[PDB]
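# Structural description and commentary
Read off the chains here:
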Amino acid sequence: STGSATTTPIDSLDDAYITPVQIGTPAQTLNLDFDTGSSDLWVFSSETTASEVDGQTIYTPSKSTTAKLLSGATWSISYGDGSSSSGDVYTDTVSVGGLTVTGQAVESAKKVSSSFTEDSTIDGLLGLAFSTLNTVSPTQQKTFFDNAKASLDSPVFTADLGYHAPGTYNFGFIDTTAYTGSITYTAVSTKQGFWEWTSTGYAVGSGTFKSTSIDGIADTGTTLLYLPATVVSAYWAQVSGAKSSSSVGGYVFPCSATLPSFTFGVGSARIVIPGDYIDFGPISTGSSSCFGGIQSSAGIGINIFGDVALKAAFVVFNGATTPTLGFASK
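Residues numbered from 1 in each chain as written, not as in the entry; some residues may be left out. Heavy atoms only, no water. Residues with missing side-chain atoms left out of burial classes, pairs and counts.

- Per the deposited record, X-ray crystallography is how this structure was determined, to a resolution of 1.7490 Å.

### What to know about the pairing of strand β8 (residues 124-127)
- Residues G124 and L126 of β8 are buried on one face, and the alternating residues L125 and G127, pointing to the opposite face, are buried as well.
- Where strand β3 (residues 28-35) meets β8, three bridges bridge the pair, whose relative direction is parallel. For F34, the partnering residue across the bridge sits in β8 and is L126.
- Bridging between strand β4 (residues 41-43) and β8 involves three bridges; their strand directions are antiparallel. By the bridge assignment, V43 is partnered in β8 with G124. (Buried < 20%, exposed > 50% of the residue type's maximum accessible area, 1.4 Å probe, protein only. Helix = DSSP H or I, 4+ residues; strand = E, 2+ residues; numbered from the N terminus. Pairing = 2+ DSSP bridges.)

### Digging into the UniProt feature "active site" in the chain
- The UniProt record marks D35 and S199 with the feature "active site", using the residue numbering of this structure.
- You can see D35 is positioned in strand β3.
- By relative accessible area, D35 is classed as buried at 5%.
- When sequence neighbours within four positions are dropped, the list of residues in contact with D35 reads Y79, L125, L126, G127, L128, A129, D219, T220 and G221.
- Locating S199 in the fold gives a position in strand β12 (residues 196-204).
- Its relative accessible area of 1% is what places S199 among the buried residues.
- Discounting chain neighbours no more than four positions away, the residues touching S199 are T212, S213, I214, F264, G265 and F305. (UniProt positions renumbered as here; feature names shortened; annotations may be inferred. Contact = heavy atoms within 4.5 Å.)

The structure is reproduced here in structure tokens:
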């Protein structure tokens, strides 16, 4: 089997992407944030504290003939941005782009933090990291991908995120028309539960390539590119007037600037992030100070190849017995 779904930016800055997901019988369609940095599929629901719902579409398990309470199971998660949610668990039928899993744990939110409430466009998350990170207790549950894997034509999914435009998540096959040149595959460590890999270096604009190992995760649920402070300093030093602002919370730059590109290495191959991808616009409405899309990972404790990086590539998440990551230009 295969699946293919379109994923759409939630706003004009590509702050995140939502992908329609069918849950239950009859189908209830929720727009979820596909997140290769976490491993819970959780949804706004009929159980969510009413004051914490503001425009989201909810899952109502009592209207699904295939929903079953997973008795005793609870969940609770906190993300790298400080947001969080928690609740109980149903199993139900879940389909993405024609691909169906029966008995998928659907984690029903009783509580969500303010940032989820404030984002009316995201109805929940669908995690695609490794199931070892799943927070369901006392019986850990599998991701949608994990559940689907054996039935897939090939044990893979691919992320093809657009820049200010829709893209595609595919399950079970590699669309050879969706990228240019060849796909370069690189080793993954699952020891932290993430799609963790090592980039072979970077260049800034037309500058020379610096060979240097950068350990990081491929994370579709993170907006920006977070890298070591040395690398980030080297990038922003090429932008006149750019500076790190503690008050704002990162590197800002004059909105009048033309940003240089940023290249990262995948083995002997190179992925180029155009400078426009690194512009996240005025720090506040009408400001002439703009927020940068490359930020320091210092104090995160890990480097994150978020959407800024991943949307410059066609990315294969290979879930074979020995998992690997593939990157192609597009």
